[PDB]
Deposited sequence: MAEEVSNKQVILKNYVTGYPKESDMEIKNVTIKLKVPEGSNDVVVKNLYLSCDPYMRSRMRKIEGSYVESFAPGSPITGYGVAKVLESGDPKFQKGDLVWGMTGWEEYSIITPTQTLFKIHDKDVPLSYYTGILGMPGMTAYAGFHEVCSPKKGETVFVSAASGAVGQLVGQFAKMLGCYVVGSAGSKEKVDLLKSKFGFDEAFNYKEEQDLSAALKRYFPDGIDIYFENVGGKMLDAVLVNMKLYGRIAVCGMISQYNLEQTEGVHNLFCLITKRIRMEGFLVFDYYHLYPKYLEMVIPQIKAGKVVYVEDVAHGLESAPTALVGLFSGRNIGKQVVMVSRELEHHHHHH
């Protein structure tokens, strides 16, 4: 059994405005051995920085003194689990460290796409966009679609999925750079900077003169109130996230417009993952669906990457490359 140094990113204390100083790099030794258990021993390759991670920094929560955990991409080294062997590439819950021992996780089968994608378009955020838009929104060709946080990991896919259906798509984001990207790279019909608008309702009016069939909700609050008054009869709202979290005032619109507003969790849809891959892999290979990610290098960079994600300093999907 190989015994190796193992760098780790440790939660120093519960978090307040998350800062780099609440994490800490620690250097330990690890013996790369299956414990008599069903554990998988992996070398981590990529780590996802995901918004839900913030709530886990307070007290299912992270433990101070212990490594941070989250979605990543890793190589199997040893396995007591029948489903995985040495050399398998996998994605799932792993540790923020060079090597992890994982308890009883998806086998990667296509190595022809950059492997970082299995933290985003081919991982949890991609499955999130697929379940939310294709299942929860019941979309039809020619319908109008608004996407909140449109340049994030999830929303940049929702808009391309809608485009591919023949929908008219508008997105909102937090900078000129992000807006230009929405239009020029993701093929959104329109986009605006929400920070610039003094009246979100009037602005959605201008982009949707006939109303909105589908809102993919990443935000909540005032944005949700502005959407509600601009929805079409029988409009659908897929409640994915509420990252901005402020009272919502316009729920009466659910009756007058007969709107179905429905929350969902990506874990409930994992039986549809092979089918999602079946659709999106050849779209990617043909350049008809695209993805933009931010890749920080080395674990020494992971605290900075996680903190910057919480503010939106990243462009699209934030990833840390642990090792090549």
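J.: Which parts of the deposited chain sequence are absent from the coordinates, listed in sequence order?
T.: No C-alpha for residues 1, 17, 38, 63-68, 114-116, 258-263, 343-351.
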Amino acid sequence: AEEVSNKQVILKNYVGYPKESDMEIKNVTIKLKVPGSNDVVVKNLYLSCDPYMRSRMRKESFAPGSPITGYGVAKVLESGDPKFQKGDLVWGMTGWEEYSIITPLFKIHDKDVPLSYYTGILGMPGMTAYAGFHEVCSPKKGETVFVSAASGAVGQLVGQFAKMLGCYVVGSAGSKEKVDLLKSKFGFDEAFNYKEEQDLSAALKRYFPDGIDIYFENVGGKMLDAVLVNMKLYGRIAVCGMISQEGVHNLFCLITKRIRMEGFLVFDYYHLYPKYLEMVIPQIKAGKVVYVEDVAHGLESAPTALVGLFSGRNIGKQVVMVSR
From here on, numbers count along this sequence of modelled residues.
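J.: Would 146-154 or 186-194 have the larger average of its C-alpha temperature factors, as given in the entry?
T.: Comparing 146-154 with 186-194, the higher average CA B-factor belongs to 186-194.
J.: Name the higher of the two by mean Cα B-factor in the PDB entry, 16-24 versus 300-308.
T.: So the stretch with the higher mean C-alpha B-factor is 16-24.
J.: Using only the C-alpha B-factors in the record, can you name which of 81, 225, 135, 217 has the highest?
T.: In the PDB entry, the greatest C-alpha B-factor among 81, 225, 135, 217 is found at 81.
J.: Whose C-alpha has the highest temperature factor in the PDB entry: 104, 139, 125, 92?
T.: Of the options given, 104 has the highest CA B-factor in the PDB entry.
J.: Would you check the entry's CA temperature factor for residue 231 and let me know if it's in the chain's lowest, middle or highest third?
T.: Lowest third of the chain for residue 231's C-alpha B-factor.
J.: Among the modelled residues of its chain, does the C-alpha B-factor of residue 315 lie in the lowest, middle or highest third?
T.: Highest third.
J.: Lowest, middle or highest third: where is residue 97 by C-alpha B factor in its chain?
T.: Bottom third by C-alpha B-factor.
J.: Rank-wise, by C-alpha B-factor, drop residue 114 into the lowest, middle or highest third of its chain.
T.: Its C-alpha B-factor belongs to the highest third of this chain's values.
J.: Lowest, middle or highest third of the chain for the C-alpha temperature factor of residue 61?
T.: Ranked within chain, residue 61 CA B lands in the highest tercile.
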